[PDB]
Amino acid sequence: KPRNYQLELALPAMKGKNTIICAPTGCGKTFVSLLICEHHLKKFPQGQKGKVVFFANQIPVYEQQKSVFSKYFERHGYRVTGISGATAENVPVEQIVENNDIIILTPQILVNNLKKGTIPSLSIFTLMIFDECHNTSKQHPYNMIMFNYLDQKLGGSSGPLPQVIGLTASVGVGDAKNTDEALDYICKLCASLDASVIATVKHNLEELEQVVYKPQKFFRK
Amino acid sequence: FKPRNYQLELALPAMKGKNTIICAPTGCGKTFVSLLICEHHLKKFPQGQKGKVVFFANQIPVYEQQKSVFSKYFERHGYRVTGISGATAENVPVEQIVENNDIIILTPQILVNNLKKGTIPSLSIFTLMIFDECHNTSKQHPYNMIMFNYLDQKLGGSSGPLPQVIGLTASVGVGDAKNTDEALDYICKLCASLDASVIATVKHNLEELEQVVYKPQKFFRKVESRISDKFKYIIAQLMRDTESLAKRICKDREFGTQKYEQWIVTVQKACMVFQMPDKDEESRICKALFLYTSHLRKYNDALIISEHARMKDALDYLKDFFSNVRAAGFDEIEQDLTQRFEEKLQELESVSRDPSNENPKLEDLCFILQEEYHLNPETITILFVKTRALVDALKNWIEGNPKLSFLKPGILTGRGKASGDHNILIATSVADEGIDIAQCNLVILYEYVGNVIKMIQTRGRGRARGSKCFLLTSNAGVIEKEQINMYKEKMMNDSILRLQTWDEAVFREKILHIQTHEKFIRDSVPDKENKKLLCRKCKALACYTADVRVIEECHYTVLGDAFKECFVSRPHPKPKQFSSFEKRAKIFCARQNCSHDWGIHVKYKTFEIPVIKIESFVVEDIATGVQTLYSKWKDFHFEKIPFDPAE
Amino acid sequence: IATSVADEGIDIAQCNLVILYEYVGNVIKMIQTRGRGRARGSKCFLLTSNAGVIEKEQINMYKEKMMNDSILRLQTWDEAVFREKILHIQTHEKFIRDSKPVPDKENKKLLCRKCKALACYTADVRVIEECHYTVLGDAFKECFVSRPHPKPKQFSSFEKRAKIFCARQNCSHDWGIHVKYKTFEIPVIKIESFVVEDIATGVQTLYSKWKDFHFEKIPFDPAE
Amino acid sequence: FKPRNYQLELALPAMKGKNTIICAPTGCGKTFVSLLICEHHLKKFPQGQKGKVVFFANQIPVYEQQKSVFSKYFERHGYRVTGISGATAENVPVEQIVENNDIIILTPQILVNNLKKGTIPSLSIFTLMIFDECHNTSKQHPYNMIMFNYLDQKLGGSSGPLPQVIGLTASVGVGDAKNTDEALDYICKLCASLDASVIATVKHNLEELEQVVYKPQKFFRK
RNA sequence: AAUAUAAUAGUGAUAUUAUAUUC
RNA sequence: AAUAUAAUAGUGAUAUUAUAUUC
RNA sequence: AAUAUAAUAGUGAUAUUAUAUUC
RNA sequence: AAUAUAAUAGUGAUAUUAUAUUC
Ligand SMILES: *O[C@H]1[C@@H](O)[C@H](n2cnc3c(=O)[nH]c(N)nc32)O[C@@H]1COP(=O)(O)OP(=O)(O)OP(=O)(O)O
Ligand SMILES: *O[C@H]1[C@@H](O)[C@H](n2cnc3c(=O)[nH]c(N)nc32)O[C@@H]1COP(=O)(O)OP(=O)(O)OP(=O)(O)O
Ligand SMILES: *O[C@H]1[C@@H](O)[C@H](n2cnc3c(=O)[nH]c(N)nc32)O[C@@H]1COP(=O)(O)OP(=O)(O)OP(=O)(O)O
Ligand SMILES: *O[C@H]1[C@@H](O)[C@H](n2cnc3c(=O)[nH]c(N)nc32)O[C@@H]1COP(=O)(O)OP(=O)(O)OP(=O)(O)O
Ligand SMILES: [Mg+2]
Ligand SMILES: [Mg+2]
Ligand SMILES: [Mg+2]
Ligand SMILES: [Mg+2]
Ligand SMILES: [Zn+2]
Ligand SMILES: [Zn+2]
């Protein structure tokens, strides 16, 4: 039984919109991910099937997400697998991606396999989820994958592209000294993830504030 | 191809770029007129430009026919012909299909819907429009919606180019006009609806036209009603005993008439809103009342059927009814009523097996058929009746009659809830002209009441010289209706010939006036608290208005696993795909074999969902307790939550 | 409160009290049930009004003694000899294991076991993947009702959607299920709900399982 | 309608997805055979997928007839039928026309020219191909050019999905063959041209067929 | 302009003519 | 679900039924 | 639809019911 | 080996160090 604000955060994503989901740490973004993935996979007709890729930037988060998704989606008939640096070598990555509906990856695997050529395009995925998506910027692996995405989009490749969902507790304003510059930075981040929507808790705020409380900060000089 | 002179004469005003209503007798070959107009229209453009024609067929057979003819004819000229009907309208790029074809055959609802969605931005994309049976352009008919768009663009400041409008009809109609002047008004309003400045009729070439389409002679047969009803004498006792049974539970007009039908329907709707503290008892007596009024209705129907046909046919109607009832299941009330019916069955079949009781109308009909087939054994007949029950009735009556043995009957009805060997074709009615069938040199109208347009159109079956049309009735009013319809035709032709004499400019001015007036006329709080939806028969709880979702601002479905326990289902007798929906099965009330029809079960996109009609339910307000009944979902006013796939 | 659990199953909370109410089982389940009593001081009561049940599980205890003793005996044997004996038993079992009735092509009639209404014909019955049986034609569709399945499940290539019942005079006898199989939406019927009348003879016989019903079973062809 | 048994028999190898040359006497109603195969082909696809059938008529009258019949038959089932001939082939978005229609009747030269022009990138857009009078596939005839494209795609390194291929003929021909072995070679070469692994003829149902198409008695007047 | 079939001349590729079709 | 026609009830917007069509 | 276990009649293959599981 | 963040120096690209991660 999901909390209301989780449904509220998941709603723009479930409508097929590329979305940056911004909510405080500990609000249970995992279940949001599960809802988005479930709705995304079940929406496809009989003659078609979706493929979801979940990017976790760290091995503990990788294993956790892999376990949770495997336990949750085994029932619905979706095969969940994962590729980390340990199991990434001397394996048919293309087949592993092809033979599974949900694939949990550390971004470096996809970067390496993309530039190596084993995975020709991102068109193989119908959905992408970046955990801690604020990391998409500069030379970070996230941003490299997204560079592949945008290179395909802005080019004449004319191939189908996956829906992109970011997840973060903060997008960040960067070095911005004022709200205008902040707006520009946030816009550039949205551009990085090709997101047209930023989802935050609005209607359900009072419920959210009964879960994650803001601690008091003191300054000792 | 060798076109007749009157066809060129009719097509001439349209070829001059004039918006034109083409009025000519049914069967004169209007298709060739359309072909000529389209060919000339397409070939008139310079090299750097091209025209786009859209043809409106109101019915699918006409759609396929016209699409085929236009494709076969215009392929050699380098013009692509396509079509979009209800079947092929879904999940297709309508805009591109229109853009990539020169001639497009369409059922009007496609264009109305696509204009409403905005997929087709403007009517400016067409340089020519052709309305088949253009007399249908009026009121809320799809044709008139299209023309609403057209005139909204013309009278507006958009200043976009508009297509030439060509209507086609056998009769424009005078409407309700009691005199020629008012008829002139109606015709002018029609011309305003189609934005037509010209009414084209055959004048110079009439002598050629009259050698193709001949006017059949019309005879009026006025007969007497059957002199004595034994059948109604005894069945009025079953109506009386049933309304006496109803007279036990109630705590609260002639038989065999429409008045009694209206009364018993209003009563049936009155019994659904009665309430008690005990709800199960309420369900019992409401089911009882529903059943009583139902049997009453069926008995009434039997009376009427036997008025217009054999008493055996009415008896068999009731027997079919009770057969179905027996198939439904054993209900105490139904078993009772069927029992009391079965008590009188012997007496009844005793009373319709007698040759003495045969109705005067069927005797006279038999006389007509006998004489006409005696004179001409090769005669092909078509027999129009009001109801399908009468279709079956006369179907059985003909082959159940030894004297009519030369007849080989056939059936023509609608789909919904000479060289061959069929000599006579019994039918209900056919919308407009339709596809040409075998020529009938005998047309029998049995208790038929039409309008002037249908009268003029039915002549198309009699095109051959020597065709005859009889009107047989016991009502004596029907005669008068047909006669005043003939007078209406006179008014029509005279008013048309008067309009043709006007200066075209002045006529355009009057038309513009009418159009602007009509546009002026045309341009002229939902309840948020939860309601209950109860069965209209057993008063059982079916749904809550919070569970109801609205798909495409039209169809209504239900969410939750709760509703799945309230209904049963059986595969749909007539599986049909409407819009984006595909009919699968019928859903009925599941409580104690109530089996009341709640709606249908359909496949919509990826979902398998039930769709219900408010007509089958009673709306109870939780707060007040007041129960209400509703026409259609349009008249039910509450805030309707759109269907969300993500919900 | 529970009915039964196959084998050990998932590990549950530790119960220091296990009560068997009119319960009868084998030695294996007896030893497995102890797994819920792992902690010291756990107790197991067997409560019955039958002088038999007690006797049953004590001969089960004796069976356990025999088991442990026999295992202790087998563990003293030489592994080579044991391999030899095992191979002997294996070959024997394979010999026993390595060691079809003529189908009836006469058209039968499948009648409702309750109301004796005609449901199906054996000419209409088609077999999907050697196991499940369906009914062709639009004739069958007027013989049955359907209700949304209370426990929809996916088995193999099939998806359960509705349950189907008899339509005649509210017989409502359970004839089978209605399923989505590949591209087709089709009913699947069980023979245990029907009576077979060969009306050549006029004889009515009853079959519990489909594989015990021998008639001509034609494969399901999408190309029909 | 009510198909004759030999028609179902002839269509059966095609309805199982095999590339098939159908060889039957002239006037046995091959039209309804095509209708059967096409209907089954289009209805076999799941919801999220759809097929595209292309019918090759070598002559304009046959083109118009087949276009008409297919249109009248498949309109009710929700399949758009169209056609492209020499008259309608110029200054039109042929690629879009192919894309936006389920059943397309072509004269072969349209497909040849449009394949060569590049407007139709691959035959992978069609899930089914039907050649009327398929014995014409040989030498430089347009049919054989189309099949050259097909076979170049098949035998080539990168090969996408390929359409099922159904030929229709009264006679496959033996060529100049002077004996049954050379005839066998010619027939095998023809089957190789159309990529057909099955030759369907009427065998089980022969009596029914011989009640429909009778063989005229031939006399020679010297 | 291209394609097919037939007859012909030639050992053959082909060539002439006849016939049909297509873009 | 929408639309048209006819009869009936009402002064009428409408309403009921019948018939047909469309999406 | 298959599989296992238990009770019950049969000497037994089995059969009925109960329970549980799997595809 | 790659990447991110922070401090510091520099107008800046960057550079040093610290910290963390990934392959
Ligand atoms: O070289 C040919 C050709 O370029 C052109 N031509 C004439 N008809 C066609 C045609 O149907 N298709 C194509 N692709 N090209 C065509 O004309 C040149 C020769 O002219 P002709 O005198 O031989 O042709 P004409 O129209 O006078 O007579 P015919 O075509 O009926 O035989
Ligand atoms: O409210 C209606 C409607 O939502 C839906 N429905 C049924 N047929 C159609 C249709 O042709 N076009 C549209 N837009 N909507 C349709 O069903 C609801 C009512 O169900 P019914 O019981 O009246 O439908 P049924 O098939 O049983 O009768 P009928 O359609 O043959 O007259
Ligand atoms: O003959 C059976 C069978 O073909 C099919 N069926 C039903 N459930 C399954 C299943 O779990 N696995 C397989 N392989 N096949 C199955 O249904 C036919 C009989 O229908 P039932 O009424 O017995 O099945 P139902 O769902 O109504 O009851 P239940 O078995 O789940 O309890
Ligand atoms: O140039 C580097 C590099 O080639 C190699 N190396 C060491 N660790 C890694 C690694 O995690 N991933 C990759 N791709 N390459 C690696 O060693 C060379 C330098 O040796 P170092 O002394 O700097 O590395 P070392 O293991 O000794 O120290 P540390 O990296 O654990 O702190
Ligand atoms: Mg799917
Ligand atoms: Mg053939
Ligand atoms: Mg499909
Ligand atoms: Mg060519
Ligand atoms: Zn009910
Ligand atoms: Zn039954």
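Numbering starts at 1 and runs along the chain as displayed.
Using N, Cα and C of the backbone, Cβ positions are placed for all residues, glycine too.
Taken from Swiss-Prot, the feature ATP binding site applies to D:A24, D:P25, D:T26, D:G27, D:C28, D:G29, D:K30, D:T31, supported by a curator's inference. Taken from Swiss-Prot, the feature domain 'Helicase ATP-binding' applies to D:11-190, supported by sequence analysis. As annotated by Swiss-Prot, motif 'DECH box' applies to D:132-135.
A map of Swiss-Prot features onto the structure.
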residue: D:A24; record: ATP binding site; Cβ neighbours (10 Å): 21
residue: D:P25; record: ATP binding site; Cβ neighbours (10 Å): 17
residue: D:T26; record: ATP binding site; Cβ neighbours (10 Å): 9
residue: D:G27; record: ATP binding site; Cβ neighbours (10 Å): 10
residue: D:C28; record: ATP binding site; Cβ neighbours (10 Å): 20
residue: D:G29; record: ATP binding site; Cβ neighbours (10 Å): 16
residue: D:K30; record: ATP binding site; Cβ neighbours (10 Å): 20
residue: D:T31; record: ATP binding site; Cβ neighbours (10 Å): 16
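Taking H, G and I as helix, E and B as strand and the rest as coil, DSSP gives the motif 'DECH box' (D:132-135) the counts 2 helix, 1 strand, 1 coil.
The Cβ centroid of D:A24, D:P25, D:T26, D:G27, D:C28, D:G29, D:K30, D:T31 marks the ATP site; residues of that chain outside this set whose Cβ lies within 8 Å of it are D:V33, D:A170, D:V213, given in sequence order.
Filtering D:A24, D:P25, D:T26, D:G29 by Cβ distance to ligand 6 (under 6 A) retains the following binding-site residues: D:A24. D:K30 (ATP binding site) carries a helical DSSP state (H, G or I). The secondary structure of D:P25 (ATP binding site), as reduced to three states from DSSP, is coil rather than helix or strand.
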